[PDB]
2 protein chains.
Amino acid sequence: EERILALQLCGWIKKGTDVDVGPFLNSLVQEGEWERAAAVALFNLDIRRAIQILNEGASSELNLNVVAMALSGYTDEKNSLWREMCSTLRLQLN
Amino acid sequence: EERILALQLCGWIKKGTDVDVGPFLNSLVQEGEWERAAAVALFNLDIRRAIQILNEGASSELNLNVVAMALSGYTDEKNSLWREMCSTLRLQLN
């Protein structure tokens with residue numbers, strides 16, 4: 001319950017017994033914060049929603065498409081090539 | 001013997017029997033063709049060199065960083081998440 005209250009104070013979920021950040025993601029999409037919406041959707045364990053949001057953002061305003069396509073290469077292997085490369089060059093993203 | 005001659009006529013390899021495309025890659029990086037070098041390096045079955053070329057290219061003159069991250073997640077699983085979206089989103093690249 002304390003974590004839910006903290007989330008509500010952070011604004012990720014509306015007050016009450018909400019169990020999703022769907023309204024928050026929609027509000028972020030409407031506002032125009034594509035990257036923040038994608039990050040929030042990924043923090044809620046949804047790669048598909050993050051990719052969809054990034055594709056929608058790339059439709060408006062090009063790099064978001066390749067960002068979402070890069071995000072789709074998530075692998076659980078510790079020695080995976082994607083893990084190493086994304087860890088190394090993540091700092092170069094604007 | 002015919003295939004190696006054909007690559008020479010395409011310029012991919014230097015004059016001789018040297019089974020490598022490394023000298024060709026260096027000229028392309030010098031010539032400034034950075035996206036072509038990544039493709040030529042990849043076609044010789046070298047992701048890491050393709051990532052290195054894109055990373056080196058993105059460092060000078062920043063979308064190539066993400067392309068390197070996107071290329072680093074090559075998964076050969078038939079129903080993988082990467083192949084599901086990268087195949088669809090590849091058509092939206094400049």
# chains A, B, ... in the order shown; residues from 1 in each chain; ligands from 1

$ interface_residues --of "chain B" --to "chain A" --cutoff "8 Å" --atoms "only C-alpha atoms" --output "PyMOL selection string"
chain B and resi 62-63+65-75+81-82+85-86+89+92-93

$ atom_distance --atom1 "CA of residue 45 in chain A" --atom2 "CA of residue 19 in chain A"
13.2 Å

$ select_by_dssp --residues "range 25-72 of chain B" --states "helix (DSSP H, G or I)" --output "number ranges by chain"
B: 25-31, 34-43, 47-59, 63-71

$ write_last_selection --atoms "C-alpha atoms" --output "compact mmCIF listing (two decimals), in the first residue's frame"
# COMPACT_ATOMS: atom_id res chain seq x y z
CA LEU B 25 36.14 -1.16 -45.47
CA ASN B 26 38.92 1.32 -44.65
CA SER B 27 38.47 3.12 -47.98
CA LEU B 28 34.71 3.43 -47.42
CA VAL B 29 35.26 4.91 -43.96
CA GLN B 30 37.83 7.27 -45.49
CA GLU B 31 35.43 8.07 -48.34
CA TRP B 34 29.43 5.04 -43.30
CA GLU B 35 26.14 3.19 -43.83
CA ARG B 36 27.56 1.31 -46.82
CA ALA B 37 30.60 0.19 -44.82
CA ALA B 38 28.37 -1.31 -42.13
CA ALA B 39 26.42 -3.23 -44.77
CA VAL B 40 29.59 -4.49 -46.47
CA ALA B 41 31.14 -5.50 -43.15
CA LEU B 42 27.93 -7.26 -42.11
CA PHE B 43 27.69 -9.13 -45.42
CA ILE B 47 28.40 -7.86 -36.62
CA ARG B 48 31.09 -6.46 -34.32
CA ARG B 49 32.91 -4.74 -37.18
CA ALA B 50 29.57 -3.41 -38.45
CA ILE B 51 28.83 -2.08 -34.95
CA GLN B 52 32.35 -0.64 -34.75
CA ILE B 53 31.98 1.16 -38.09
CA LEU B 54 28.60 2.61 -37.11
CA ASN B 55 29.88 3.54 -33.64
CA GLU B 56 33.00 5.14 -35.12
CA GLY B 57 30.88 6.91 -37.73
CA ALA B 58 28.33 8.12 -35.20
CA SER B 59 31.17 9.47 -33.05
CA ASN B 63 21.41 7.95 -35.29
CA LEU B 64 24.15 5.47 -36.23
CA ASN B 65 24.63 4.73 -32.52
CA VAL B 66 21.06 3.46 -32.29
CA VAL B 67 21.43 1.51 -35.54
CA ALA B 68 24.45 -0.18 -33.96
CA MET B 69 22.33 -0.96 -30.89
CA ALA B 70 19.51 -2.15 -33.17
CA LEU B 71 21.92 -4.33 -35.16

$ atom_distance --atom1 "CA of residue 46 in chain B" --atom2 "CA of residue 24 in chain B"
14.1 Å

$ atom_distance --atom1 "CA of residue 32 in chain B" --atom2 "CA of residue 10 in chain B"
18.7 Å

$ residues_around --residues "residue 2 in chain B" --least-positions-apart "6" --cutoff "12 Å" --atoms "only C-alpha atoms" --output "PyMOL selection string"
chain B and resi 8-9+17
